[PDB]
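Coming up, as structure tokens: structure 1 and structure 2, two forms of one and the same protein chain.
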Structure 1
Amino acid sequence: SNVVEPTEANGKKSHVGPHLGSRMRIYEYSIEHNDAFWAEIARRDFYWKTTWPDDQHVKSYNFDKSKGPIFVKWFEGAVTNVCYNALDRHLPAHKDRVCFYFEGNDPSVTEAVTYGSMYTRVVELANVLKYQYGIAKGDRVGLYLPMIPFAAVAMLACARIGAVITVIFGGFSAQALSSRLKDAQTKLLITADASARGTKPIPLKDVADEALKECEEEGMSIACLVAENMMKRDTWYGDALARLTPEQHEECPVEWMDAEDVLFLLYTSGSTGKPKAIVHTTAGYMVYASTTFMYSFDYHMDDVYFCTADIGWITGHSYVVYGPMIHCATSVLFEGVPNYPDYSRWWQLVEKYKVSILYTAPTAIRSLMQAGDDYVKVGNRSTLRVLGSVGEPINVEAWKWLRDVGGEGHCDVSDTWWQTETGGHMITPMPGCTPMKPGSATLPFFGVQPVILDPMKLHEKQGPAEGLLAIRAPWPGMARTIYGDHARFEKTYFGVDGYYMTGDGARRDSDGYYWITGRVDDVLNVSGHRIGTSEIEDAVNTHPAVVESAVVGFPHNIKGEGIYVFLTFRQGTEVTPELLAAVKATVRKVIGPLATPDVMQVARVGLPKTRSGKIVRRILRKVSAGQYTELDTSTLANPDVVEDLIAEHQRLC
């Protein structure tokens, strides 16, 4: 009864078919004939300077430590370029087709960027990187940009010449930006003078200057290219253009890449330690991101697509730039926020550009729900037919609101589960063919074999089951390693021979539908952003008066999960609102606003530790959630902390 059937119109329009059988027939084929399946997709849908030698052997891999090093290769011996598949090959047939319907935060700032215009922008920038900054195949380029056309231009210019990009979310502090540039050893930083988020100025160049001063004090010598959106080492993009020759505006050769040449680095939070650079290569990621974009959203050439994610996250890589452009999509590119000038903004964009596919996140949805349906009903949503959710679980009422108010009830919802490490969608509905259970990711994508591993015995559980979500077989979009640390990669994701461990928990029901329960490690999902507890603790501890801290998640009604901080101060410290405010500001300096603690509790007699000195985080998880029952607390070094924490927490309410 908790099932919503797809719309008949989406069934008639589906690339797959009108019935679930149409999807299952394809899926079983993608599993029984994995090589042939991906060989047909890659050959039908992409351009190759050179094709893999044998369609029988389009992949090789090892998911078992005990047999040797973990590895995965797709389309070995193939040669291609991501920029060529995203731009050049669409020309001249789709020269005048709109790539990005761009709007700034200021609604009077708009720009309809065609694929032809993207080409000019990319070759110009690519020639600047080549002949003015000496960017070569393999060189790392950092991006610190807002959601403007230049951000996609920069990712494709680097891809055109073989450069490895690393995108730093424009909301990260200077220290956060500095750390990522150093670890990637970037030759160049591309940024913009500033951006806007409502009425708040986002001066990006000034932050970047603080990051660069820090890198230069550490020995580095990083160049900076600055686009004018609203100066040492620092060159304005206009000055660089003025140095280009007329032919350098027209033409730039494509650097043809091998299947496993690196495409980008993306720093991702983990259960322990600082964020690590996840490494994605060329051929496999290209095929998987574009193929998932096509089927998970049933994109057709007459659709208009709008993803609200930032390029600084994997969602923006795969489903704002790389994926959509490779399938010659017409997309909306929005620099601003959903509540400026008011909360109708996204719906004004939907009718203005006749959007038919909208890809957003539960946190944004729940924010829109707090503002009133009237902010939605003033815009025309008759063109919407597919709605997408990503980043974290979506509750039933939010799912129903999205489809019924947002989509006027004539939409299919694709709640897609996946990760930075998976490259693209892994469990997702497909419009027209997949029955929907509100809150469920439903069925695995073509060529994906998920499993539920028993938490204690680490065996696969048949039929309905709850446990650890794992992937028992490789897929083209899988991350290949961690930058300069394959051992950490093997330990983190392949501790169970034969499986990729996702770090999520999930339940599978009697129809084979998957329900993702959230992280099972020390990783938080705060406002759809992935953040680790260890790095928040390290930031909290940098405050001169903080001795020790412990960070746990706890339930929140908009962000899903909030950040709860237990901390002890230096002796003789007067705890005041200002002090606690200065500690919040310390996290925002070290990391950024996305990691702002929500609650800060003083462990008045200390943090709960075992006799051996290990913090008992389960006790902190239970206290922050108000569960005072499931706590033996006598193995503690100081058992009296429990009543201190329960009391101080109730005093805070």
Structure 2
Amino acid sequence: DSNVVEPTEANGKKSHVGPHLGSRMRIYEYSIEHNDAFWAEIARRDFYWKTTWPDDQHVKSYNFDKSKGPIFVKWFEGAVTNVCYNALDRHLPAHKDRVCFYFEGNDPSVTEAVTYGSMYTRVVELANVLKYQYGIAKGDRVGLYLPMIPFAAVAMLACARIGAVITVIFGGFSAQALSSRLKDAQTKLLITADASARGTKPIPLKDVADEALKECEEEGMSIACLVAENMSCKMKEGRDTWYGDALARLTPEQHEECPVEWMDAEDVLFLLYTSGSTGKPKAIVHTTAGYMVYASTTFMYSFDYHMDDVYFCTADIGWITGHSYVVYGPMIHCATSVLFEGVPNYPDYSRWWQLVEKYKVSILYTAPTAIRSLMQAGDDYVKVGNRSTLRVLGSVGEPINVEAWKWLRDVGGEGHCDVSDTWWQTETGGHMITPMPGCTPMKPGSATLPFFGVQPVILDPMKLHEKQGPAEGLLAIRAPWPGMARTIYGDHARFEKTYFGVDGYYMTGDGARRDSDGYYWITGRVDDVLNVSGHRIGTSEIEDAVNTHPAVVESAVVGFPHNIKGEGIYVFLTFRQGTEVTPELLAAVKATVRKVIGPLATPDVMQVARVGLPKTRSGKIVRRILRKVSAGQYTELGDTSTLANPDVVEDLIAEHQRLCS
């Protein structure tokens, strides 16, 4: 069609796959019909195994059909490996002088080029601190509450080295949100830093961790804390240790060697707390062999990473993108990457382009919310940067519309880049539907074709049968892939209910359209999870937080279209009778949400429902009406006949118009 953008000739010549779509389709066909042999060949070619699996013809066992028994997936059972060894040791000594991370702080005077050789030293030191000073054993859980600094990667890899299970808590979560994750994961140890900075905003980390640890102790836990020096904290005697002091306890040889814990294929690698449609965030569990292979193989092909490329992903390790596509995937393929602690607008909106030109970045993986913010700020901030080295631009985490896609390619990338809009989720471990540079014609707004080994389908929402050819409906995956999450920590029943409700399929929770070229167009979540600036958050978590303010009776949270964030957070709420409502009181309710969850959950609009929320006669809030009001779609309010209090509708519209929103 006329909306197709051809891959660049240069990227076709460079591609690991080939210069034409036929090259990709040749491998894809093999990856489906010889699925086991394909993954066995990739696994053997691209990774170190202490022990290999016994049969190339049979590297997966699984059940996707609840009627036949428990849902499960296993990949490479019988194999033995280690993620840290594949990310680091095996690249030495050959690549000891290769830069692993070009680190830059929020402050542009803070920089460091960290080689693979230096990463090895840093990781063996920390691994020995964990083993010998903290007694961290295989399978123990370790919480990370860290900024995007080299130590964050060191910490993830040291835990992998000794077979500990990490759970990374995004540094923007509050103390209450951190404490909840440490309690649910039963962490023995929290690794944090003194502090960070984001633009002009100080980011307390250890001071926040102090309140989280106090809450955990009141609950009967005992959690030690190791604190990296990044930027004078109150350190609790016996509980808290500065990393410099822990390092001083090491013997000389503990700076040089640390034994690798050789892991079985299905040993747990990390727990990542993720918001769902109902209830509190649940920990998605990823194991070792399948996830290692999948994250790294998607990194290689979706970005066409070669050794002469320099890579920059703008995502935080607190989310799956930073796990798969900042630390694990890139280092396993010996990438040279940019590691950036700061924000795109500090000191000003040229900052990311200054990084691109300084480090000769050729592959940039970022998010549509960031792109849309750069678009609003003006093209002069981009055009002062030399972007000649860019050849691949990637987008993750939300739909991108045609205007932002075109701006990314033709302004940001000067019209000499391919764009990889990658669709995937925390639960899928790595990319699932994505272009590949040089071989895949792009349609702006489409994720295009499935990754090797991936079989998506479109299910009819009513019959729940597959639809063939051009079709719209529920996006599902009909067969296993190595990167799939294996369970929800402590709740396999919820895992089966949420993702395997239709026998034979992994259900994504997204809607999608497949077109006549087999390209997929993801249309968004079909449940009650919001996508706020790329971050998924459940409406009921925000509602509960709002309801903890003592003046609040009732609240309902819905998403609404937002020209930068994609989806904003809209709060309808009612206060107790006789409350005097001021900008300050609404500010206090907002601050309560930021105390309970964190700034990522800040309401964008708070509308006071003078007469109450629209409810049925059984007392259930009719959220459909609230979604339509918050979006300004007054003609599509829908049925009011089931409301017990139909008189509230007029006020809700009039207020919304007043706020505008």
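FYI, numbering is relative to structure 1, first residue = 1. For clarity, a rigid core is taken as the largest C-alpha set superposing within 1.5 Å between two forms.
After superposition on the rigid core, the Cα atom of residue 570 is displaced by 1.5 Å between the two structures.
Summarising the core-aligned comparison between the two structures, the C-alpha atom of residue 613 is found to shift 2.5 Å. In the rigid-core superposition between the two structures, residue position residue 86 carries a C-alpha shift of 0.3 Å.
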